[PDB]
Every structure is written in C-alpha cells, then in structure tokens.
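J.: Quick one: structure below, then a few questions.
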Amino acid sequence: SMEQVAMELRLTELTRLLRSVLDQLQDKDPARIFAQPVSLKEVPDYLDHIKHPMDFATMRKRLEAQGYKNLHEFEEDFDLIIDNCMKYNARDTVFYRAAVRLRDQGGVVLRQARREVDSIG
C-alpha cells in the first residue's frame, strides 16, 4: 500500500531530524561522559541503583533502527541519561555537574526541535 510507504517516508525523515538533534546534544558533552553505557564490570552495583541505564551510543543504535516513533520517546531516553546520573553521582562530582550542564544546554536544542517536528509534521 501507498499509505504505509507515506508513514515510512515520515518516520525516515523524523529519524534524519533526530540524528541532527542527537549530534547537537552530544556536542554539549565534550568530556564524553555520556558517550557509552556505564560498565557493570567497573560499577558492579550500578543496576541495584539505576533501573533503566541510558547513553548516547545506545540512543544511536535505536535511531538507525528507526526505533523512535516520536520526539517524546527520544526525550524520555535523554532525560534518563541526565536523571540516572544525578541520582547515582552526588552534588560535588564532575559527573553530576556534567548532566546539569548538558540538561541546561540541551533544553535550547530540544525547544527548537519541538517547533520543527510540529511545523514539518
């Protein structure tokens, strides 16, 4: 059907839009603190503290697998990155502060992304 292709044209172009967005958010973490998942061999109790671990490499796999069916899904993952860190790592750590800054710098990007999603459809 021509109808299913048109939704596939739409998901494809979304994934292209979100690929730009992700690249912008990852530019706001120049330390690459949120680049890969938190190793379990290096932090063995981590999963006792955090229930849904999340990172930029993991969000990228799901993207190229056209796994994000809206911006809300995409936002929830990014917030986990931030929120899981700000639970695990205390106030006076480079890790905590790295998510606080990312969150603040990411909200500019994610504001204009919401306007492009709606406008384009």
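So you can find residues: chains in the structure tokens are A, B, ... in the order shown, residues in each start at 1, and ligands are numbered from 1 in order.
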Neighbouring residues of residue 16 (chain A) were defined as those with any atom within 12 Å, considering only C-alpha atoms; residues of the same chain fewer than 2 positions away were excluded. Please report them as number ranges by chain.

T.: A: 9-14, 18-23, 60, 63-66, 68, 117

J.: Just the alpha helix (DSSP H) stuff from region 5-94 of chain A, please, per backbone DSSP, written as a PyMOL selection string.

T.: chain A and resi 5-27+46-49+56-64+71-88+94

J.: Neighbouring residues of residue 101 (chain A) were defined as those with any atom within 10 Å, considering only C-alpha atoms; residues of the same chain fewer than 4 positions away were excluded. Please report them as a ChimeraX atom specification.

T.: /A:28-29,82,96-97,105-106

J.: Residues near region 31-39 of chain A, anyone? I mean within 9 Å using only C-alpha atoms, not counting same-chain ones fewer than 6 positions away, as a list in words.

T.: residues 46, 53, 54, 55, 56, 57, 58, 81, 82, 95, 98 and 99 of chain A

J.: Store the residues of this selection in a file with N, CA, C and O atoms, as a PDB file, in the first residue's frame.

T.:
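Below is the file that was written, again25.pdb:
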```
ATOM      1  N   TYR A  46      25.779  -0.974  40.047  1.00  0.00           N
ATOM      2  CA  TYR A  46      25.031   0.049  39.262  1.00  0.00           C
ATOM      3  C   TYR A  46      23.552  -0.251  39.008  1.00  0.00           C
ATOM      4  O   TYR A  46      22.691   0.583  39.290  1.00  0.00           O
ATOM      5  N   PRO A  53      19.330   2.062  32.579  1.00  0.00           N
ATOM      6  CA  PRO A  53      20.545   2.761  32.140  1.00  0.00           C
ATOM      7  C   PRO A  53      20.385   3.281  30.733  1.00  0.00           C
ATOM      8  O   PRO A  53      19.720   2.620  29.935  1.00  0.00           O
ATOM      9  N   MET A  54      20.983   4.440  30.442  1.00  0.00           N
ATOM     10  CA  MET A  54      20.888   5.057  29.106  1.00  0.00           C
ATOM     11  C   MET A  54      22.099   5.924  28.744  1.00  0.00           C
ATOM     12  O   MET A  54      22.666   6.609  29.598  1.00  0.00           O
ATOM     13  N   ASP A  55      22.470   5.878  27.459  1.00  0.00           N
ATOM     14  CA  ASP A  55      23.630   6.611  26.903  1.00  0.00           C
ATOM     15  C   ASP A  55      23.426   7.010  25.435  1.00  0.00           C
ATOM     16  O   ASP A  55      22.472   6.575  24.785  1.00  0.00           O
ATOM     17  N   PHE A  56      24.344   7.827  24.926  1.00  0.00           N
ATOM     18  CA  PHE A  56      24.285   8.303  23.536  1.00  0.00           C
ATOM     19  C   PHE A  56      24.537   7.225  22.448  1.00  0.00           C
ATOM     20  O   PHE A  56      23.913   7.265  21.378  1.00  0.00           O
ATOM     21  N   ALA A  57      25.456   6.290  22.702  1.00  0.00           N
ATOM     22  CA  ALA A  57      25.687   5.164  21.790  1.00  0.00           C
ATOM     23  C   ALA A  57      24.437   4.273  21.648  1.00  0.00           C
ATOM     24  O   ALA A  57      24.102   3.824  20.540  1.00  0.00           O
ATOM     25  N   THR A  58      23.755   4.045  22.774  1.00  0.00           N
ATOM     26  CA  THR A  58      22.540   3.221  22.842  1.00  0.00           C
ATOM     27  C   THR A  58      21.350   3.886  22.146  1.00  0.00           C
ATOM     28  O   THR A  58      20.593   3.234  21.419  1.00  0.00           O
ATOM     29  N   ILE A  81      19.401   9.650  30.830  1.00  0.00           N
ATOM     30  CA  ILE A  81      20.854   9.867  30.880  1.00  0.00           C
ATOM     31  C   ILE A  81      21.131  10.852  32.012  1.00  0.00           C
ATOM     32  O   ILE A  81      21.920  10.570  32.931  1.00  0.00           O
ATOM     33  N   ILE A  82      20.423  11.977  31.954  1.00  0.00           N
ATOM     34  CA  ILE A  82      20.619  13.073  32.903  1.00  0.00           C
ATOM     35  C   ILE A  82      20.227  12.664  34.322  1.00  0.00           C
ATOM     36  O   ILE A  82      20.989  12.848  35.265  1.00  0.00           O
ATOM     37  N   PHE A  95      30.601  14.318  37.498  1.00  0.00           N
ATOM     38  CA  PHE A  95      29.556  13.567  36.799  1.00  0.00           C
ATOM     39  C   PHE A  95      28.199  14.249  36.938  1.00  0.00           C
ATOM     40  O   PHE A  95      27.512  14.453  35.948  1.00  0.00           O
ATOM     41  N   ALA A  98      28.178  17.549  35.103  1.00  0.00           N
ATOM     42  CA  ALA A  98      28.169  17.282  33.653  1.00  0.00           C
ATOM     43  C   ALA A  98      26.758  17.067  33.072  1.00  0.00           C
ATOM     44  O   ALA A  98      26.458  17.507  31.954  1.00  0.00           O
ATOM     45  N   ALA A  99      25.901  16.390  33.830  1.00  0.00           N
ATOM     46  CA  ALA A  99      24.489  16.236  33.465  1.00  0.00           C
ATOM     47  C   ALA A  99      23.688  17.532  33.680  1.00  0.00           C
ATOM     48  O   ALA A  99      22.792  17.822  32.886  1.00  0.00           O
TER      49      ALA A  99
END
```

J.: A:69, A:41, A:74, A:59: which is nearest residue 7 (chain A), counting only C-alpha atoms?

T.: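 That would be A:69, the residue with the smallest distance to residue 7 (chain A).
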
J.: For CA of residue 80 (chain A) and CA of residue 93 (chain A), determine how far apart the two atoms are, in Å to one decimal place.

T.: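 Distance reported for this atom pair: 18.0 Å.
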